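Before any questions on binding or motion, here is one chain by itself as structure tokens, the form deposited in one PDB entry.
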């Protein structure tokens, strides 16, 4: 009660804001709802094919001018990330009392949380071998992404490592809704004004998550503490990511960075 309602409201916000759920993604990856697989990108040729219709169906990509394969893929990563951020902000608007914070605090929370949330949600569209892209019309292999030149392969691999370990907790969409809401409502964010309010909201979300997990996964007893540890793991994974991003900006000078990402990484830690 109250937590059941809270959980359901968060879940519905999740379902309303994310086109690609873990449900849909698993359904595609196992082959039960499609009957014809997504287009597999695993090399230069198939990437080129995918960009002329098979996966992205426009005759000029509307991405920055690229001079090599690795940077092209990096730009694709930026596109996915930007649209996930967009969805995450819209999702945050439906969290109880998020919209009632100061606008500045909303911006702070999103700035410092979206990457943690993105890395958590990636596991829904990732398996050992690769990841879904373009709402599941494409599947990019992990071996291809490992084959990109340093430092871009270096940035991509850790997300696979984390996602594969995170998928072993076998959460479903209704768990993940509460998990990512709690990621966003973090009181530890630099420059937050109303820390106690945000901590109280996170308090509620996490109580609802504990409740929801005992209902949904009766036999997994220690699922809740591990998930809290997952949050801490995510923070460090983002720290490492940010370090590599710094190195990119230093050493890959005309690799362009989307303005939203320039803002997020601006002054970050």
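For clarity, a rigid core is taken as the largest C-alpha set superposing within 1.5 Å between two forms. Numbering follows the first chain given and starts at 1.
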Other PDB entries, at least a third, lacking residue 229:
no
Checking the other compared PDB entries, only those that cover the residues flanking it, does residue 62 lack coordinates in at least one third?
yes
20-28 or 246-254, whichever carries the higher mean Cα B-factor:
246-254
231-239 set against 211-219, stretch whose average Cα temperature factor tops the other in the entry:
211-219
Check the PDB entry and point out which of 138, 113, 191, 196 has the largest C-alpha temperature factor.
196
Of the three thirds of the chain ranked by Cα temperature factor, residue 87 occupies the lowest
Residue 3 - which third its CA temperature factor falls in, relative to the rest of the chain:
middle
Should residue 44 be placed in the lowest, middle or highest third of its chain by the C-alpha B factor in the entry?
middle
Which third, lowest, middle or highest, does the CA B-factor of residue 165 fall in along this chain?
middle
Residue 172, C-alpha B-factor rank within chain (lowest, middle or highest third)
lowest
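Here the subject shifts to the form deposited in another entry, a form of this protein not shown in this document.
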Core-superposed between the shown form and the other one, the one of 216, 61, 204, 49 with a C-alpha shift of 2 Å or more is 61
Considering a change of 3 Å or more, are the Cα atoms of residue 55 and residue 144 closer or farther in the other form than here?
farther
Distance flag for residue 148 and residue 60 (Cα, change 3 Å or more) in the other form: the two residues are closer
